[PDB]
Amino acid sequence: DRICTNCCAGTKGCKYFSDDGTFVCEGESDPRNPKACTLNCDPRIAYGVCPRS
C-alpha cells in the first residue's frame with residue numbers, strides 16, 4: 001500500500017476524490033498523450049471515481 005496517486009497521474013473524466021467525501025480535482029491529464037507523471041504521493045487523493053455507469 002503506497003498512496004502515491006496524484007492529479008498529474010490522474011485520468012481526464014474521472015474525479016479524483018478523497019475518501020472523506022471531497023472532490024480534489026478531476027484528472028487533468030488526458031489519456032491521448034502517454035502520461036507518465038512523477039510518483040509524487042498526494043495522500044489527500046484517495047481514488048478516482050469515474051462515472052458509476
# chains A, B, ... in the order shown; residues from 1 in each chain; ligands from 1
>>> residues_around(residues="residue 30 in chain A", least_positions_apart="5", cutoff="12 Å", atoms="only C-alpha atoms", output="MDAnalysis selection string")
chainID A and resid 7:14 35:37
>>> closest_residue(among="A:43, A:53, A:2, A:15", to="residue 29 in chain A", atoms="only C-alpha atoms")
A:15
>>> atom_distance(atom1="CA of residue 17 in chain A", atom2="CA of residue 34 in chain A")
22.5 Å
>>> atom_distance(atom1="CA of residue 6 in chain A", atom2="CA of residue 28 in chain A")
10.1 Å
>>> atom_distance(atom1="CA of residue 18 in chain A", atom2="CA of residue 51 in chain A")
15.3 Å
>>> closest_residue(among="A:26, A:1, A:32, A:20", to="residue 48 in chain A", atoms="only C-alpha atoms")
A:26
>>> decode(residues="chain A", atoms="C-alpha atoms", output="PDB file, in the first residue's frame")
ATOM      1  CA  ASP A   1       0.000   0.000   0.000  1.00  0.00           C
ATOM      2  CA  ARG A   2       1.563   3.235  -1.159  1.00  0.00           C
ATOM      3  CA  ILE A   3      -0.828   6.097  -1.858  1.00  0.00           C
ATOM      4  CA  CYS A   4       1.302   7.941  -4.342  1.00  0.00           C
ATOM      5  CA  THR A   5      -1.503   8.857  -6.582  1.00  0.00           C
ATOM      6  CA  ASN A   6      -1.572  12.463  -7.736  1.00  0.00           C
ATOM      7  CA  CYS A   7      -3.612  14.701 -10.008  1.00  0.00           C
ATOM      8  CA  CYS A   8      -0.971  14.515 -12.794  1.00  0.00           C
ATOM      9  CA  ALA A   9      -1.215  10.737 -12.807  1.00  0.00           C
ATOM     10  CA  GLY A  10      -4.950  11.186 -12.971  1.00  0.00           C
ATOM     11  CA  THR A  11      -7.064  10.416 -15.947  1.00  0.00           C
ATOM     12  CA  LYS A  12      -9.438  13.001 -17.508  1.00  0.00           C
ATOM     13  CA  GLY A  13     -13.071  12.093 -16.917  1.00  0.00           C
ATOM     14  CA  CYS A  14     -12.504  10.566 -13.536  1.00  0.00           C
ATOM     15  CA  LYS A  15     -12.929  12.618 -10.395  1.00  0.00           C
ATOM     16  CA  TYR A  16     -10.005  12.284  -8.036  1.00  0.00           C
ATOM     17  CA  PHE A  17     -11.712  12.348  -4.824  1.00  0.00           C
ATOM     18  CA  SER A  18     -10.776  11.865  -1.274  1.00  0.00           C
ATOM     19  CA  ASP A  19     -12.409   9.225   0.907  1.00  0.00           C
ATOM     20  CA  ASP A  20     -13.523  11.918   3.369  1.00  0.00           C
ATOM     21  CA  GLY A  21     -16.031  12.867   0.699  1.00  0.00           C
ATOM     22  CA  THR A  22     -14.293  15.699  -1.074  1.00  0.00           C
ATOM     23  CA  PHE A  23     -13.628  16.413  -4.735  1.00  0.00           C
ATOM     24  CA  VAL A  24      -9.981  17.295  -5.004  1.00  0.00           C
ATOM     25  CA  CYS A  25      -9.550  17.568  -8.735  1.00  0.00           C
ATOM     26  CA  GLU A  26     -10.570  15.738 -11.816  1.00  0.00           C
ATOM     27  CA  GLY A  27      -7.854  14.031 -13.802  1.00  0.00           C
ATOM     28  CA  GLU A  28      -6.172  16.852 -15.629  1.00  0.00           C
ATOM     29  CA  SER A  29      -4.189  14.501 -17.760  1.00  0.00           C
ATOM     30  CA  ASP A  30      -5.800  13.395 -20.940  1.00  0.00           C
ATOM     31  CA  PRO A  31      -5.256   9.727 -21.975  1.00  0.00           C
ATOM     32  CA  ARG A  32      -4.383  10.838 -25.554  1.00  0.00           C
ATOM     33  CA  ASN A  33      -0.840  11.682 -24.620  1.00  0.00           C
ATOM     34  CA  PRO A  34       1.257   8.948 -22.928  1.00  0.00           C
ATOM     35  CA  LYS A  35       1.120  10.262 -19.417  1.00  0.00           C
ATOM     36  CA  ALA A  36       3.762   9.031 -17.052  1.00  0.00           C
ATOM     37  CA  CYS A  37       3.840  11.620 -14.337  1.00  0.00           C
ATOM     38  CA  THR A  38       6.036  11.681 -11.282  1.00  0.00           C
ATOM     39  CA  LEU A  39       5.089   9.303  -8.469  1.00  0.00           C
ATOM     40  CA  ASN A  40       4.537  12.147  -6.118  1.00  0.00           C
ATOM     41  CA  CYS A  41       2.456  10.875  -3.321  1.00  0.00           C
ATOM     42  CA  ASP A  42      -0.604  13.044  -2.841  1.00  0.00           C
ATOM     43  CA  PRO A  43      -2.287  11.248   0.142  1.00  0.00           C
ATOM     44  CA  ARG A  44      -5.174  13.693   0.135  1.00  0.00           C
ATOM     45  CA  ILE A  45      -6.247  11.982  -3.073  1.00  0.00           C
ATOM     46  CA  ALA A  46      -7.780   8.655  -2.324  1.00  0.00           C
ATOM     47  CA  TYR A  47      -9.084   7.300  -5.567  1.00  0.00           C
ATOM     48  CA  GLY A  48     -10.515   8.278  -8.826  1.00  0.00           C
ATOM     49  CA  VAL A  49     -14.194   7.954  -9.149  1.00  0.00           C
ATOM     50  CA  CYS A  50     -15.185   7.617 -12.759  1.00  0.00           C
ATOM     51  CA  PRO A  51     -18.985   7.870 -13.507  1.00  0.00           C
ATOM     52  CA  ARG A  52     -20.702   4.842 -11.980  1.00  0.00           C
ATOM     53  CA  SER A  53     -22.388   3.779 -15.194  1.00  0.00           C
TER      54      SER A  53
END
